[PDB]
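Shown next as structure tokens: one chain only, the form deposited in one PDB entry.
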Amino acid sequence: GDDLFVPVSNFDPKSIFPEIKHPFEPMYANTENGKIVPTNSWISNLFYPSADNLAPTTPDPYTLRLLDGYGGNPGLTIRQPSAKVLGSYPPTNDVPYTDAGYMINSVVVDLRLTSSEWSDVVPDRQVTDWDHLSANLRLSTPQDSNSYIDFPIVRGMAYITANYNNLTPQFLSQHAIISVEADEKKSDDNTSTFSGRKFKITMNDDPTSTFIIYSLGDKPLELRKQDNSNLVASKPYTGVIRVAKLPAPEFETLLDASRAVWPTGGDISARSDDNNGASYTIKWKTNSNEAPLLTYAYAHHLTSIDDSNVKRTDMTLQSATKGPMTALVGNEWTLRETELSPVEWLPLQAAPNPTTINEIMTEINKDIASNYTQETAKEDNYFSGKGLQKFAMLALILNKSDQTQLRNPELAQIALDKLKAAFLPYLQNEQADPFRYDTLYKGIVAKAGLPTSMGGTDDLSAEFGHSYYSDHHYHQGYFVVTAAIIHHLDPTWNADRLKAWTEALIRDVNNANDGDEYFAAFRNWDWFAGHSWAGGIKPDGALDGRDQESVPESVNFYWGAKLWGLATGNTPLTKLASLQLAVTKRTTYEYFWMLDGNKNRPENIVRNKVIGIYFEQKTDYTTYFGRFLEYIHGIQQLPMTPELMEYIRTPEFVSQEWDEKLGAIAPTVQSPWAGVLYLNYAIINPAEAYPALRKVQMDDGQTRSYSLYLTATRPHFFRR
């Protein structure tokens, strides 16, 4: 097959964007290993301080915190949530009530690895190394670097691995430790001290937690039950100690068998195949090849993985927000996607029902006579981008009249020319909020959120946090789509500049190779989670981890990337984007858009149909704008493109969502969300969506003409 992890290019973005160094630096990063600190990664919190040391890092199924607590015995705190906390809020307007408005994980010290030497002191912290799937976190005695613990923190790890170095191991819990068994010695009269290299312990929590501590160093541990919550060794220790939660008795030997091998990272590759499929492969890095690796897997892993070189166990543990994980045996995972999207520029049925063509033409006329400057030159790049794309669609469908049957060449010409005039200022980096190239985190950033001395407002929420690397896929997706459409219709128009600029945006979001030395790799994509993260650098910590709200705007980025691939004949880019869109679809229906029967959420959450704002540690049935229904569900319905309508949003889910929630509120919505909702509705009922779309308000990234065109190109459209 063909390699998908190759550079888009190694074009130097300093030629287009004024160079800066980002003002907010990664405090705990080893700066000399030549590596780029990721901004939108599951490991990102590790690099910075956090409010009360509570920022969580979530390899899954373990949740980890660092040096949390009152200062008594700080270390690495482990939480493995068997159960969730569900809550709600009272209504604020009159819409039907919500049963469960959120899902959280309690902040509890299930178990903590620390040392007696760290009593009442503040250990030093360093991220010594990291890759897409891991980070090595070193906690050391302050100003005594020779006494430390290395924690290889890796996605899916079934144990917590701690390389102790000249330190006295201490294990504490917020729970009571109510049983200790050493080296499987059942009948000892001594209830106070325990010796050996295996310690099975139980807590008095609910449900009952059972942990096993393996000491893998040569010298056996001698632990004293100092009190109901503390096990303490007597002298300094040097060697690897691993602790695993035991999900059930029948799995103990499994954990015994896999204790000598731990992950230290992983290498990711991806290839397309002959039969219009693609795959990606994780090759876990381990300390040894003594036994095969034991690693926990998300649900979508299970549905997409190649079973030929991996063995499934029945061993399961709850992830923080993705439902049950299932342990898999093997050092190499290959995940396959065999049904890649067929969507390109247009609806799969490019020509609308004949009886609508005139109607659509009338509307398209009106839509093109819009004031483009007013609707595409906004305060911020985000809404500007929405406007640009919405007009780009009109230009596209007029200029593919052979397929769309929307023939009006004068209008086609004007649509493209106005699109170009509206777009050019962004191409020239002379829009209201121009970009900068950041040499620190290797990406592009809006000027607006930078400090005063750089010409910014010094408000890091400016441009919705773009300057601190939030929401880049969202913002840059619109510009990449518009650029691809222009370059498709007019390949020589500002070709060099258009290509370098557009590809800079693409590389900023989704660089797949370190041969591109100017951009961090996969800023917004997570190959383990199988979706994208939006939330970027968060001073004082992202206390619920990474977040993502809009699935369609991520989708819209990768669709844009695909379109750019098609417009430039870049097969690896096109296939990469296709693969990421497929994985996106998969995880979208595993975790975000919930069909009845979904096993990763309780019934009352599934009943919400969408997950709301999705975090690593919590899910919230709300929006950043507010806890309003049409917003919550609507955000997952725009921008409506052939990718969203033909491939990502299935009629089955649209149906379930409509019957469960939206059908009752839609006729009462007197806002632009009505346009969003009914265009969404066109997926299951285009015949009735169509007259509604003739009347209701359009979202600011939506046009009436494009809406009618998408509805009329549903195969089951008809006249009622």
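Numbering starts at 1 and follows the sequence shown. Just so we're on the same page, rigid core means the largest C-alpha set that superposes within 1.5 Å between forms.
Student: When the Cα temperature factors in the entry are averaged, is it 179-187 or 379-387 that ends up higher?
Tutor: It is 179-187.
Student: Look over 360-368 and 528-536 in the entry and identify the one with the greater average Cα temperature factor.
Tutor: Stretch with the greater average CA B-factor: 360-368.
Student: Going by the deposited entry, which of 645, 638, 343, 293 has the highest CA temperature factor?
Tutor: Checking the PDB record, the top C-alpha B-factor among 645, 638, 343, 293 is at 293.
Student: According to the deposited entry, which of 66, 692, 669, 43 has the largest Cα B-factor?
Tutor: 669 has the highest C-alpha B-factor of those listed.
Student: Going by what the PDB entry lists, where does residue 118 fall on CA B-factor within its chain: lowest, middle or highest third?
Tutor: Its C-alpha B-factor belongs to the highest third of this chain's values.
Student: Using the temperature factors of the C-alpha atoms in this entry, rank residue 319 within its chain: lowest, middle or highest third.
Tutor: Tercile = lowest for this residue's CA B-factor.
Student: Give the position of residue 217 by CA B-factor within its chain, expressed as the lowest, middle or highest third.
Tutor: CA B-factor rank for residue 217: middle third.
Student: By its CA B factor, does residue 555 count among the lowest, middle or highest third of the modelled residues in the chain?
Tutor: Answer is lowest: the recorded C-alpha B-factor places it there.
Student: Looking at the C-alpha B-factor of residue 209, is it in the lowest, middle or highest third of its chain?
Tutor: Its C-alpha B-factor belongs to the highest third of this chain's values.
Unshown form deposited in another entry; subsequent notes refer to it.
Student: Align on the core first; then indicate which of 90, 87, 207, 249 has a CA shift of 2 angstroms or more between this form and the one not shown.
Tutor: Comparing both forms, the shifted residue turns out to be 90.
Student: After superposition on the rigid core, does the Cα atom of residue 342 shift by at least 2 Å between this form and the one not shown?
Tutor: No, because once the rigid core is superposed, the C-alpha of residue 342 moves less than 2 Å between this form and the one not shown.
Student: Please say whether, between this form and the one not shown, the C-alpha of residue 627 moves by 2 Å or more once the core is aligned.
Tutor: Yes.
Student: Take the rigid core as the frame of reference and indicate whether the C-alpha of residue 569 shifts by 2 Å or more between this form and the one not shown.
Tutor: No, shifts by less than 2 Å.
Student: Relative to what is shown, are the Cα atoms of residue 84 and residue 71 closer or farther apart in the other entry, where the gap shifts by 3 Å or more?
Tutor: Pair moves closer in the other entry.
Student: Out of closer and farther, which fits the Cα atoms of residue 171 and residue 71 in the other entry compared with this form, where the change is 3 Å or more?
Tutor: Nearer in the other entry, by 3 Å or more.
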